Every structure is written in structure tokens, then in C-alpha cells.
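Protein chains in written order, with the entry's author numbering: chain A, 4 to 171; chain B, 7 to 170. Built from N, CA and C at the ideal position, the CB exists for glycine as well. Everything below concerns the one structure shown next.
So this is what it looks like as C-alpha cells:
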């Protein structure tokens, strides 16, 4: 009577504890789909942008090769200029080649490439490839069989070298 | 009694399931902001990595080239030595070094642009004047021009043939 009719809400107050658990699970529809946008739009660019730079990179390198090739072609030119003219005198060509070499250096310096230390300097593994040793001051480069270069911190290529050794 | 109340127990089967479609969502969807947080930490990673990547990437090319061309400098020294003993041989060395240079260039994939006798082409040639030879054709190459496949390392300064 006044105990089942007044407490009949036993299934009434539940309407707010049920429709709500069915009012939120409905909104989560764009919670696994709506988010599928910010995601599938971020993973659509990460597989795109990285594909765009996959280009801008292989290009910046190509650009680097060119930058060098261009700076160095003048040597080929001088080699040509020598074969067609310089043949004047053996000591004329000798001086010409000397000149070409000197040029190659300036060109390298131009791209900021310095030659690592050599004959007389301290043998240093960071810049030197020791091929064996020859008479000279120990711990010091006795002879350079191949110039080594470094541009800044980077090693273009180490110098193949002979390290000094005191005779007895 | 047995079915007058059990046939209702079917309604409770829904509410019992409602806690499976929303209780399982926030289960795996509890990290859908994480497996995404990383996908943005890597996509926001390149955004700053490229400025560097690209730079050092050019150095890569320059080194790649220098690496391949230093042998020329090596041969120049080698040549100067053969000449220190027999001056006459110097001419022979230069010829070798020069031919060497071409091979190297080939190695990096650069070819010489069409020359003497070949049709003038602005893609590769820089006409600076005229000189005897088939009209509209390269008559003499004053400076070699090279192309790396599509790109142009540098154009050949050339003289084009005069018609008539």
C-alpha cells in the first residue's frame, strides 16, 4: 500500500542510473571514431611528411655533391690546359702540375677542408693510419704516404703514414 | 512464479551487457591517447630533426665527392715524383691523371654533355660565339660541361657553327 507505492521508485531512480550508462556509451561512438580522425590524420602525415623529406634529404646531398664537383672541375680544366699547351718543357709541365696541386689545395680550403698534420707532427690515430714505421722521432709522423683531410670535426679521410722509431 | 519473473530476468541481461560495451571501450581506449602520444612525439620529432638532418646531409654529399676525388690530388703528387726522377715522364702522368678524373666523375654518375659536332642544346650549352662548322651545331667546346643525369653540374662554354 503506502510501502510499495511510495517506495515504487525502487525502479524509478534507476532510470537515471541506467539511461546515463546508456547516454555516455553512446557518446563514446566518436571517442573511438572521432579520435580516429586526429589519429588517422597524424599517421597519414607521418607516412607522408617523412616521405616528403625522404626527398628533401636525397636532394640536399645531391646538392652537396654538386657544390663540390663544381668547385673541383677547374682541376680537370687545368689538366686539359696543360696537355694542350704546357707540353712546352718537361720543367714547364712540372711547374704546371705543381701549380695544379697548389690549386687543388686552395679549392679544398675553399670548401673548408684542411689537411691533417704530417711529417714531424705527433702521430694521432684520430687522423692517422699507420702503415709501419721508419727511422725518426718516436711518437711522431715519420713520413706521409697519403695526405689526410678533415673538414671541421669530420674526417674526410685519414692520412696513411709511417711512424717514427729511434734506431737503437 | 518461475517464468512470471524469469522472463523479466532477460532485461537485466542488457544492463549487464551495457557494462561491457562501455567498460571494454575505456579499457583499450585507455591508451589510444598514448599510442597516439608517441605517434606525435615522432612526427613532432622530425619537425625539428630535419633542420639538422638536411644540413649534415649536404656535408654527406660534399664528403662523398671529396672522398672520390682526393685520389686526383694523390696522383698529382705521384706524378710530381715520377717527374722528380725523369722529367720527361711528366707529360705521360698528366695524361693518365686527366683520364683518371673522367672515370672518377663517371663513378659519381656525371657524364660530359654532348660536344663538338653535336646539336646545340641550351639545356647543356652556353654559346659564346661562332666558328666554322655545321650550322646550329657545336663547333668547338671551349670548356667541358657535365650533367649528373638530369641536373647540370655546369654547362659547356661552346662556339656554334656558322651557316652558309
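At least one CB of chain B closer than 7 Å to the CB of residue i: is that the case?
i: residue 31 (chain A); result: yes
i: residue 187 (chain A); result: Here chain A has residues from 4 to 171 only, and residue 187 (chain A) is not among them.
i: residue 69 (chain A); result: yes
i: residue 100 (chain A); result: yes
i: residue 11 (chain A); result: no
i: residue 171 (chain A); result: no
i: residue 25 (chain A); result: yes
i: residue 43 (chain A); result: no
i: residue 1 (chain A); result: Residue 1 (chain A) cannot be examined here, being either before or after the span of chain A that is shown, 4 to 171.
i: residue 126 (chain A); result: no
i: residue 137 (chain A); result: no
i: residue 53 (chain A); result: yes
i: residue 60 (chain A); result: yes
7 Å is my cut-off, CB to CB: does residue i come that close to chain A?
i: residue 88 (chain B); result: no
i: residue 66 (chain B); result: yes
i: residue 63 (chain B); result: yes
i: residue 130 (chain B); result: no
i: residue 28 (chain B); result: yes
i: residue 93 (chain B); result: yes
i: residue 46 (chain B); result: yes
i: residue 35 (chain B); result: yes
Keeping to the same chain, check which residues put their C-beta closer than 8 Å to that of residue i; ignore five residues upstream and five downstream.
i: residue 155 (chain A); result: 115
i: residue 223 (chain B); result: Lying outside 7 to 170, the shown extent of chain B, residue 223 (chain B) is not represented and no answer is given.
i: residue 174 (chain B); result: Here chain B covers residues 7 to 170 and nothing more, so residue 174 (chain B) does not appear.
i: residue 110 (chain B); result: 74, 75, 77, 78
i: residue 126 (chain A); result: 133, 142, 143, 144, 164, 166, 167
i: residue 82 (chain B); result: 103
i: residue 146 (chain B); result: 122, 137, 139, 164, 165
i: residue 70 (chain A); result: 114
Hey, quick one: how far does the beta strand (DSSP E) through residue i stretch, first residue to last?
i: residue 168 (chain A); result: 162 to 168
i: residue 146 (chain B); result: 144 to 149
i: residue 171 (chain A); result: Taken as a continuous stretch (DSSP letters only), residue 171 (chain A) belongs to no beta strand (DSSP E), as it is neither H nor E.
i: residue 4 (chain A); result: Segment: none, residue 4 (chain A) is in no beta strand (DSSP E) and carries neither H nor E.
Within 6 Å: the Cβ of residue i and any heavy atom of the ligand ATP?
i: residue 113 (chain B); result: As presented, the structure is devoid of all ligands, the ligand ATP included, so that no description of it is given.
For residue i, which residues of its own chain have a beta-carbon under 7 Å away from its beta-carbon, when the five flanking residues on both sides are left out?
i: residue 159 (chain A); result: 116, 152, 153
i: residue 163 (chain B); result: 132, 134, 148, 149
i: residue 7 (chain B); result: none
i: residue 113 (chain B); result: 74
i: residue 170 (chain A); result: 138
For the alpha helix (DSSP H) that residue i lies in, which residues bound it at each end?
i: residue 27 (chain B); result: 18 to 27
i: residue 31 (chain B); result: 31 to 34
Take residue i and list the residues in its own chain whose beta-carbon comes closer than 6 Å to its own, dropping the five residues that flank it on each side.
i: residue 88 (chain B); result: 95, 99
* Asked: Listed from N- to C-terminal order along the chain, which residues in the stretch 141 to 158 of chain A have their beta-carbon within a distance smaller than 8 Å of any beta-carbon of chain B?
  -> 149, 150, 152, 154, 157
* If you scan the stretch 40 to 100 of chain A from start to end, which runs of the alpha helix (DSSP H) of 4 or more residues do you find wholly inside it? -> 52 to 87
* Got a sec: which bits of the stretch 105 to 118 of chain B sit with their beta carbon under 7 Å from any beta carbon on chain A, in order along the chain? -> 107, 114, 116
* List in chain order: all unbroken alpha helix (DSSP H) runs of 4+ residues lying wholly within the stretch 106 to 140 of chain A. => none
* To do: Select from the stretch 71 to 87 of chain B all residues with a C-beta closer than 8 Å to any C-beta belonging to chain A, and list them in chain order.
  => 71, 72, 73, 75, 76, 78, 79, 80, 82, 83, 85, 86
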